[PDB]
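For the single chain, residues carry numbers from 1 onward in sequence order.
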Amino acid sequence: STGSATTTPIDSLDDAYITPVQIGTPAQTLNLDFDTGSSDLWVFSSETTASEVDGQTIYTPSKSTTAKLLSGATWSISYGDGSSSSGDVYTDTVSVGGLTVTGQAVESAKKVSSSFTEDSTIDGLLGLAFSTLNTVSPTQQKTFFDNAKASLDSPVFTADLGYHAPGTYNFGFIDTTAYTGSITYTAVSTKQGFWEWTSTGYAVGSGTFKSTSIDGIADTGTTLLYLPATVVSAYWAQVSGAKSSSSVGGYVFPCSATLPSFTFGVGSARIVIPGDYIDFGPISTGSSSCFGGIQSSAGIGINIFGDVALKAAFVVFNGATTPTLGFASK
């Protein structure tokens, strides 16, 4: 089997991407944030505290003939941005782009933090990291990809995120028309439950490439590119007037600037992030100070290849017995 679904930016900055997902019988379609940095599929629901729901589409398990309470199971998650959610669990039929999993754990939110309430466009998350990170207790549950894996033509999914445009998540096959050149594959460590890999270095603009190992995760659920402070400083030094602002919470730059590209290494191959991808616009409406798309990972504890990086590539998440990651230009 295979599946193929379009993923759409939630706003003009590509702050995140939503992908339609069918849950239950008859289908209830919710727009979920596919997140290769976590492993829970959770939704706004008929059980979510009413004051915490504001415009989202909810899953109502009582209206699904295939929904079954997973008795005794609860979940609770916190993300890197300080947001959180928790609730109980149903199993139900879940389909993405024509690919159907029966008995998928659908984690129903009873509580969500304000960040989620405030974002009307995201109805929940669909985790695509390794199932070892799944928070369901007392019986840990499998991700959608984990459940689908054995049935897939090939045990892979791909992320093809657009810049200010829709893109595609495919399951079970590699679309050879979707990228240029060849795909370069690189080793993955699953020891922390992430799609963790080592970049071979970087360049700033037309500068010379610096060979240096940068361990990080491929995370579709993080907006920006978070790299070591040395690397980030080297980038922003090439932008007149750019500075790290403690009050704003990162590097800002004059909105009148032209940003240089940023290149990262995948083995001997190179992925170029155009300068425009690194512009996240005025820090506040009408401001001439713009927020940067490359930020320091210091104090996160891990480097994160988020959407800024990933949308510059066609990315293969290879879930073979020994997982790997592939990157191609496009």
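- Closest non-hydrogen pair, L99 versus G3, comes out as CB-CA, 3.7 Å.
- Judged by distance alone, the side chain of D219 and the main-chain N or O of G306 form no donor-acceptor pair under 3.5 Å.
- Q28 places no side-chain N or O within donor-acceptor distance of the main-chain N or O of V21, the cut-off being under 3.5 Å.
- For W42 and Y59, the distance between ring centers is not under 6.0 angstrom.
- Inspection of the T29 and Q22 side chains reveals an N or O donor paired with an N or O acceptor under 3.5 Å.
- The closest side-chain heavy-atom distance from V94 to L41 is below 4.5 Å.
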In residues 118-128, what donor-acceptor pairs under 3.5 Å come from side-chain atoms, sequence neighbours left out?
from: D119; atom 1: OD1; to: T121; atom 2: N; distance (Å): 3.1
from: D119; atom 1: OD1; to: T121; atom 2: OG1; distance (Å): 2.9
from: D123; atom 1: OD1; to: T57; atom 2: N; distance (Å): 2.9
from: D123; atom 1: OD2; to: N31; atom 2: N; distance (Å): 2.8

>> Using the rule given for side chain to side chain contact (heavy atoms under 4.5 Å, CB included), can you reason through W197 versus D215, listing the C-alpha separation, both sets of side-chain angles and the distance that settles it, and then say yes or no?
In response: CA-CA 6 Å; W197 65 290; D215 293 343; over 6 Å; no
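- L225 CG to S296 OG: the interatomic distance, rounded to the nearest 0.5 Å, is 11.0 Å.
- The closest side-chain heavy-atom distance from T158 to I174 is below 4.5 Å.
- By the 30° and 60° cut-offs, the orientation of the rings of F130 relative to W195 is tilted.
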> Can you check side chain to side chain contact (heavy atoms under 4.5 Å, CB included) on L70 and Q141, steps first, answer last?
Replying inline: CA-CA 11 Å; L70 189 61; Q141 301 293 304; 3.6 Å; yes
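- Here the closest heavy-atom approach between residue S38 and residue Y79 is recorded as OG-CE2, 3.8 Å.
- If you check the side chains of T143 and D146, you find no donor sitting under 3.5 Å from an acceptor.
- Checking side-chain atoms of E107 against main-chain N and O of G87 turns up no donor-acceptor pair under 3.5 Å.
- Here the CG atom belonging to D35 is positioned 5.5 Å from the OG1 atom belonging to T220, to the nearest 0.5 angstrom.
- For the pair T263/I271, no side-chain contact is recorded, criterion being any heavy-atom separation below 4.5 Å from C-beta on.
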Report, one line per pair, each donor and acceptor closer than 3.5 Å where one atom sits in a side chain of residues 317-328; sequence neighbours left out.
from: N318; atom 1: OD1; to: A320; atom 2: N; distance (Å): 3.0
from: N318; atom 1: ND2; to: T324; atom 2: OG1; distance (Å): 2.9

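- For the pairing with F264, the ring pair (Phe, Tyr, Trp, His ring centres under 6.0 Å) check across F305, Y235, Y202 returns one residue only, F305.
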> Which is it for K311 and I273 under the side chain to side chain contact (heavy atoms under 4.5 Å, CB included) test, yes or no, and what are the steps along the way?
Replying inline: CA-CA 8 Å; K311 70 194 185 186; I273 306 169; over 6 Å; no
Expected list for residues 275-283: side-chain donor-acceptor pairs under 3.5 angstrom, two or more places apart:
from: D279; atom 1: OD1; to: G281; atom 2: N; distance (Å): 2.9

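- Inspection of the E52 and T117 side chains reveals no N or O donor paired with an N or O acceptor under 3.5 Å.
- For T177 and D175, the side-chain atoms include at least one donor-acceptor pair closer than 3.5 Å.
- Within the 3.5 Å criterion, the main-chain N or O of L224 finds no donor-acceptor partner in the side chain of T222.
- Considering only heavy atoms from C-beta on, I77 comes within 4.5 Å of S85 through its side chain.
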>> Using side chain to side chain contact (heavy atoms under 4.5 Å, CB included), reason through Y251 and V232 one step at a time and then give a plain yes or no.
In response: CA-CA 9 Å; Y251 280 89; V232 177; 3.5 Å; yes
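- Under the 4.5 Å side-chain heavy-atom criterion for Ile, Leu, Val, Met, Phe, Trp and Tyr, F314 and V272 are members of distinct hydrophobic clusters.
- Within the 4.5 Å cutoff, side-chain heavy atoms of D14 are placed close to those of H164.
- Using modelled atom types and a 3.5 Å distance limit, the side chains of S297 and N303 yield a donor-acceptor pair.
- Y90 and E47 share a donor-acceptor pair across their side chains, judged by distance under 3.5 Å alone.
- Cation-pi geometry between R270 and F209 is met: under 6.0 angstrom from the ring centre, within 45 degrees of the axis.
- Of all non-hydrogen atoms in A129 and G37, the two that sit nearest each other are CB-C, 4.0 Å.
- The shortest distance between side-chain heavy atoms of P61 and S46 falls below 4.5 Å.
- Side-chain atoms of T74 and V89, non-hydrogen and from C-beta on, never get closer than 4.5 Å to each other.
- Remark: the backbone N or O of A218 is paired with a side-chain donor or acceptor of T36 at under 3.5 angstrom.
- Following chains of ILVMFWY side-chain contacts shorter than 4.5 Å, one cannot reach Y185 starting from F173, and the two form parts of different hydrophobic clusters.
- Side-chain contact check for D40 and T135: at least one donor-acceptor pair (N or O, by modelled atom type) lies under 3.5 Å.
- Between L133 and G193 the shortest heavy-atom distance is CD1-O, 3.3 Å.
- Open room surrounds NZ on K210; 12 or fewer heavy atoms of other groups in view lie less than 6.0 Å from it.
- One hydrophobic cluster, built from ILVMFWY side chains closer than 4.5 Å, holds both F262 and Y163.
- At least one donor-acceptor pair closer than 3.5 Å links the side chain of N134 to the backbone N or O of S39.
- With contacts defined as side-chain heavy-atom distances shorter than 4.5 Å, the pair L152/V156 does not qualify.
- The closest side-chain donor-acceptor pair between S95 and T100 falls under 3.5 angstrom.
- Of the possible polar contacts, one joining the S287 side chain to the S289 backbone as a donor-acceptor pair under 3.5 Å is found.
- For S108 and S45, the side-chain atoms include at least one donor-acceptor pair closer than 3.5 Å.
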>> Does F171 form a ring pair (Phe, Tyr, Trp, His ring centres under 6.0 Å) with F144? I'd like the steps, not just the answer.
In response: CA-CA 10 Å; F171 292 84; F144 174 83; 5.6 Å; yes
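- Distance alone, capped at 3.5 Å, places no donor-acceptor pair between the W75 side chain and the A109 backbone.
- Counting only N and O atoms by type, the side chains of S247 and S245 include a donor and acceptor under 3.5 Å apart.
- At a cut-off of 3.5 Å, with distance as the only test, a side-chain donor of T7 or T19 sits close to an acceptor on the other residue.
- Of the N and O atoms on the side chains of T66 and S64, at least one donor lies less than 3.5 Å from an acceptor on the other residue.
- Listed for the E196 side chain is no donor-acceptor partner under 3.5 Å among the backbone atoms of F194.
- The minimum heavy-atom distance linking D153 with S1 is given by the pair OD1-N, 2.8 Å.
- In this structure, the side chain of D307 does not engage the main chain of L310 through any donor-acceptor pair within 3.5 Å.
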